[PDB]
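Participant: any chance you can model this:
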Amino acid sequence: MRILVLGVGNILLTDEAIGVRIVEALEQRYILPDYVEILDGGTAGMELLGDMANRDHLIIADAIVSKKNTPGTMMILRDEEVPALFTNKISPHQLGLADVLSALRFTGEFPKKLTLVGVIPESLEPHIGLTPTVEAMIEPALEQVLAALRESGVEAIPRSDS
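Facilitator: Numbering: from 1, shown residues only. See below for the structure:
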């Protein structure tokens with residue numbers, strides 16, 4: 001195993017901060033085994049070309065920004081579905097995340113198991129916070145980053161507090 005848990009989105013666009021808030025809230029609630037970096041990728045998208053590479057299993061957490069589906073809803077997409085989802089031109093950083101998934105496929109340094117714990121926003125406007133609708137989504141997404149870790153048998157320990 002070698003795992004990244006990568007938070008992404010705009011830390012300025014209300015709910016778009018959710019992908020980052022997931023990984024901040026994971027660090028502050030769960031100790032992980034050594035081989036699980038939590039990493040904030042604040043506003044990057046494209047820069048992560050090198051970081052997302054060569055990892056065995058990568059859990060992204062992000063804002064999906066758009067579908068015809070209700071605010072605050074969760075979607076889980078697995079390896080093949082994730083580049084396809086991020087073809088969405090309405091999702092700005094995510095379009096560069098799509099070209100990271102292009103470039104990882106171009107090198108072949110694409111993971112064994114990409115997973116995306118992705119969240120629909122509510123307001124997505126230039127102020128900071130989540131909406132209440134998406135503040136609530138931190139913990140269902142923690143439970144799905146934790147479920148995704150458990151797909152590889154990686155248990156994680158609440159604060160190492162027991």
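
Participant: quick one: the helices in the chain, in order.
Facilitator: Per DSSP state H, the chain has helices spanning 18-27, 81-85, 92-107, 132-135, 138-150. These are given in chain order.

Participant: ranking these by burial, who's on top?
Facilitator: Comparing the helices of the chain on average neighbours per residue, with mean count of other CB atoms under 10 Å, the densest one is helix 18-27 at a mean of 22. No exception for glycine: its C-beta is placed from N, CA and C like everyone else's.

Participant: distance between it and the chain's centre?
Facilitator: Relative to its parent chain, helix 18-27 has a centroid offset of 9 Å by CA atoms, centre = their mean, to the nearest Å.

Participant: what is it packed up against?
Facilitator: Taking 3 or more CB pairs under 8 Å, 6 or more residues apart in numbering; DSSP states H and E as the contact definition, the neighbouring helices and strands of helix 18-27 are strand 3-7, strand 36-40, strand 57-63, strand 113-119, helix 138-150.

Participant: can I get the helices of the chain in CSV with distance to residue 11?
Facilitator: As requested, these are arranged in CSV below (distance: least, CB to CB, whole Å):
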stretch, distance to residue 11
helix 18-27, 6
helix 81-85, 21
helix 92-107, 11
helix 132-135, 14
helix 138-150, 14
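
Participant: to residue 37, which of those helices lies closest?
Facilitator: helix 18-27 (9.7 Å; CB to CB).
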